[PDB]
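Novice: My questions all concern the structure below.
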Amino acid sequence: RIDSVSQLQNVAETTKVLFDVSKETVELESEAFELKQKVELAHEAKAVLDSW
Amino acid sequence: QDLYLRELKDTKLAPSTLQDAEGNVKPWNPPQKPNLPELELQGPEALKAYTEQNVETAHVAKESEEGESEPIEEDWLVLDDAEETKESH
């Protein structure tokens with residue numbers, strides 16, 4: 001039981017970093033979403049001038 | 001060379017009434033003006049989609065949100081279910 005508890009020694013100090021940096025790496029990409037809007041716009045513009 | 005010169009002058013001149021001076025086209029019975037600069041001036045946008053593809057639709061991104069800003073009735077159920085999963089862990 002000592003060994004089973006001592007497996008949980010430095011979990012909290014590291015998982016408080018895990019939680020934060022994990023949700024940041026999830027959720028810091030709406031910039032890329034709004035970049036995708038401009039990318040598909042320029043994609044359509046290149047396509048239609050290719051048609052012209 | 002009157003061979004060369006008269007062939008090349010007819011070669012220039014008989015389409016010169018088609019391109020230089022806009023006198024339509026004497027030998028062609030259908031006209032040449034309401035085909036490419038009028039009807040198929042919308043040609044590539046009769047070959048593509050008009051008013052969405054060629055107007056290109058500068059469209060606002062449909063804004064998705066976070067989890068409805070409610071961190072009580074769901075986080076405490078997450079903590080109780082996490083007690084349950086740790087009883088399974």
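Chain identifiers are assigned as A, B, and so on, following the order in which chains appear in the structure tokens; residues are numbered from 1 within each chain, and ligands are numbered from 1 in order of appearance.
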May I have the residues of chain A within 7 Å of chain B, counting only C-alpha atoms, written as a list in words?
Specialist: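 That gives residues 37, 41, 44, 45, 48, 51 and 52 of chain A for chain A.
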Novice: Skip residue B:33 itself and residues of its chain fewer than 2 positions away, then list as a list in words all residues within 10 Å of it, counting only C-alpha atoms.
Specialist: residues 18, 22, 23, 24, 25, 30, 31, 35, 36, 37, 38 and 39 of chain B
Novice: Just the selected residues (N, CA, C and O atoms), exported as a compact mmCIF listing (two decimals), in the first residue's frame, please.
Specialist:
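out_1.txt written:
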```txt
# COMPACT_ATOMS: atom_id res chain seq x y z
N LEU B 18 -13.46 41.48 -90.01
CA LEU B 18 -13.96 40.78 -88.84
C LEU B 18 -13.33 41.25 -87.54
O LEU B 18 -13.95 41.10 -86.48
N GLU B 22 -15.28 46.77 -87.09
CA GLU B 22 -16.42 45.99 -86.62
C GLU B 22 -17.59 45.97 -87.60
O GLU B 22 -18.65 46.53 -87.32
N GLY B 23 -17.38 45.33 -88.74
CA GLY B 23 -18.41 45.20 -89.74
C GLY B 23 -18.90 43.77 -89.73
O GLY B 23 -19.10 43.16 -90.78
N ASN B 24 -19.08 43.24 -88.52
CA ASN B 24 -19.52 41.87 -88.31
C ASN B 24 -18.68 40.89 -89.13
O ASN B 24 -17.49 40.70 -88.86
N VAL B 25 -19.30 40.29 -90.13
CA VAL B 25 -18.63 39.34 -91.00
C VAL B 25 -19.49 39.11 -92.24
O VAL B 25 -20.50 38.42 -92.17
N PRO B 30 -24.57 33.81 -89.50
CA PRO B 30 -24.71 34.16 -88.08
C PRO B 30 -23.74 35.27 -87.71
O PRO B 30 -22.63 35.35 -88.25
N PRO B 31 -24.13 36.15 -86.78
CA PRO B 31 -23.22 37.21 -86.36
C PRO B 31 -22.16 36.69 -85.40
O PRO B 31 -22.29 35.62 -84.80
N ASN B 35 -21.85 36.36 -79.53
CA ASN B 35 -21.43 35.02 -79.12
C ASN B 35 -20.38 35.10 -78.02
O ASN B 35 -20.65 34.68 -76.89
N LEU B 36 -19.19 35.63 -78.30
CA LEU B 36 -18.14 35.68 -77.28
C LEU B 36 -18.19 36.94 -76.40
O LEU B 36 -18.15 36.79 -75.17
N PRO B 37 -18.27 38.18 -76.91
CA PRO B 37 -18.32 39.32 -75.99
C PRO B 37 -19.68 39.61 -75.38
O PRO B 37 -19.77 40.52 -74.55
N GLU B 38 -20.75 38.92 -75.78
CA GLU B 38 -22.05 39.17 -75.17
C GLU B 38 -22.63 37.95 -74.46
O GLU B 38 -22.88 38.01 -73.25
N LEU B 39 -22.84 36.85 -75.17
CA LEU B 39 -23.47 35.68 -74.57
C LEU B 39 -22.49 34.93 -73.69
O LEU B 39 -22.74 34.70 -72.50
```
Novice: Considering only alpha helix (DSSP H) as DSSP defines it on the backbone, what residues of chain A qualify? List them as a ChimeraX atom specification.
Specialist: /A:2-6,11-27,30-51
Novice: Quick one: distance from atom CA of residue A:20 to atom CA of residue B:81 in Å, one decimal?
Specialist: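 One can read the atom CA of residue A:20 to atom CA of residue B:81 distance as 20.8 Å.
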Novice: What separation in Å, quoted to one decimal, exists between atom CA of residue B:68 and atom CA of residue A:38?
Specialist: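 Computing the Euclidean distance for atom CA of residue B:68 and atom CA of residue A:38 yields 27.2 Å.
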